[PDB]
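Encoded as structure tokens, the following chain is the form deposited in one PDB entry, with no partner shown.
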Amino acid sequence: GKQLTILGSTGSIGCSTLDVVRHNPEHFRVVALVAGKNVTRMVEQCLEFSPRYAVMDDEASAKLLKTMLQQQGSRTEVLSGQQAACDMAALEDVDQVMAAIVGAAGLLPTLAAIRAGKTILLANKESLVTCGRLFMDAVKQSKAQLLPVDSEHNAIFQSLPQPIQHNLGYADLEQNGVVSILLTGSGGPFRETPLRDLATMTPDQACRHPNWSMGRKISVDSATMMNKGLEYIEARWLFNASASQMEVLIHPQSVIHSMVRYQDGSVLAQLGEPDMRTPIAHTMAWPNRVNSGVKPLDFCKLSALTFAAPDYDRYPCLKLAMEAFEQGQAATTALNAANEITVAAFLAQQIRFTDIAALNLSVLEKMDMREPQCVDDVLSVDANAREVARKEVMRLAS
């Protein structure tokens, strides 16, 4: 079947990927698993999927893993550190690399897979949010096939014509009859909150998305629409879309995952149950399909589907992201880094809900760095933006 390396196997996307393989043991062979510190989950995955290699970024973790796998009678070879992670991404015999490491740490292993011309199941945000120019250049250079895993981008990918799907990132949209890309977002828990009350929203209220339940960081990003802002940045790189070829639409029910508008009037959309196994199984099977374990969407048990235009007075972060894109990878990197700092401060009750957007702006205004030319440059912008952001939080809470 297809030989796969899973980068970030022990996290949420990694576990969902392995559930797809579990459903399709004849179509997929796990060659390598890479993770950080979750030795316990990693052991269980090595014992189920029999990979050739298992890598832990953390050395103490790698040593403990080796001792457990030995105790358990497994001969999976245990490696450690960043170079081994990149090596697994570049293994000559692997076909697909699930790029699911979180944060800047996913950058070099992902680039290693790109440079190796692998099919990349891309689920690491920083890759296009921070390194969109560098990675799209590298993809063109190696002819690597990117298959986006995030629900929105995968929905768009499924709704795009074949010549774009092949050649993803270099194809011309207009030449292929595409007018625009329609990014849909829930609008978050404060979609209908009076604007006066936004300054007093609590972390528990912000993380209380009506319908979904997910991590606190992403819940807050959904409340600010920073999440859609970051997906805007990725979509422009992934789909070769100009600002006029992008539309953002609030869709509270999140049944339509995103859409593509065509020259003749047609709009194609992908819909489905809210379950990451669907987009993951799509990318793993492309251009064919596999069972993912996700149940068929029941159209008779849906809330009525509604749409609205995002109000930038309600979602300044969405506008900030759009503007940042225009300023370049230094601005997008700085925004993403600043946002991690301000959201964490919000969750720690150091700042108010509305201070997230205000301090994100403040960081971008204060900085002005030059366009990154390599991953080290991006890492540098990221580090500097966090420091500026932390000082801003301290001043404010000071």
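For the two forms, the rigid core is made up of the largest set of C-alpha atoms that agree within 1.5 Å on superposition. Start at 1 with the first residue shown and count on from there.
S.K.: Relative to the other compared entries, is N211 without coordinates in a third or more of them?
M.R.: Result for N211: often missing, at least a third of the compared entries.
S.K.: Out of 107-115 and 207-215, which one has CA B-factors that are higher on average in the deposited record?
M.R.: Result of the comparison: 207-215.
S.K.: Out of 10-18 and 372-380, which stretch has the higher average CA B-factor listed in the record?
M.R.: Mean CA B-factor is higher for 372-380.
S.K.: Per the coordinate record, which of the options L182, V139, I256, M225 holds the highest CA temperature factor?
M.R.: Highest CA B-factor of the listed options: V139.
S.K.: In terms of CA temperature factor as recorded, identify the highest of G187, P194, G229, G272.
M.R.: Among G187, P194, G229, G272, the PDB entry lists the largest C-alpha B-factor for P194.
S.K.: Looking at the C-alpha B-factor of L91, is it in the lowest, middle or highest third of its chain?
M.R.: Highest third.
S.K.: Could you tell me which third, lowest, middle or highest, the C-alpha B-factor of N38 occupies within its chain?
M.R.: It belongs to the middle third of the chain when residues are ordered by C-alpha B-factor.
S.K.: Among the modelled residues of this chain, does the Cα B factor of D264 put it in the lowest, middle or highest third?
M.R.: It falls in the middle third of the chain.
S.K.: Where does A309 sit by CA temperature factor within its chain: lowest, middle or highest third?
M.R.: Middle third, going by the recorded CA B-factors of the chain.
S.K.: Which third, lowest, middle or highest, does the CA B-factor of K301 fall in along this chain?
M.R.: For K301, whose C-alpha B-factor we compare with every modelled residue in the chain, the answer is the highest third.
One more form of this protein, deposited in another entry, exists but is not displayed; see below.
S.K.: Once the rigid core is lined up, just say which one of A35, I341, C46, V31 has a C-alpha that travels 2 Å or more between the shown form and the other one.
M.R.: Meeting the 2 Å or more criterion is only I341.
S.K.: For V248, is the C-alpha shift between the shown form and the other one 2 Å or more after core superposition?
M.R.: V248: C-alpha displaced by less than 2 Å between the shown form and the other one.
S.K.: State yes or no: after fitting on the rigid core, is the Cα displacement of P210 between the shown form and the other one at least 2 Å?
M.R.: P210: C-alpha displaced by 2 Å or more between the shown form and the other one.
S.K.: Is the C-alpha displacement of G188 equal to or greater than 2 Å between the shown form and the other one once the rigid core has been superposed?
M.R.: Yes, the C-alpha moves 2 Å or more.
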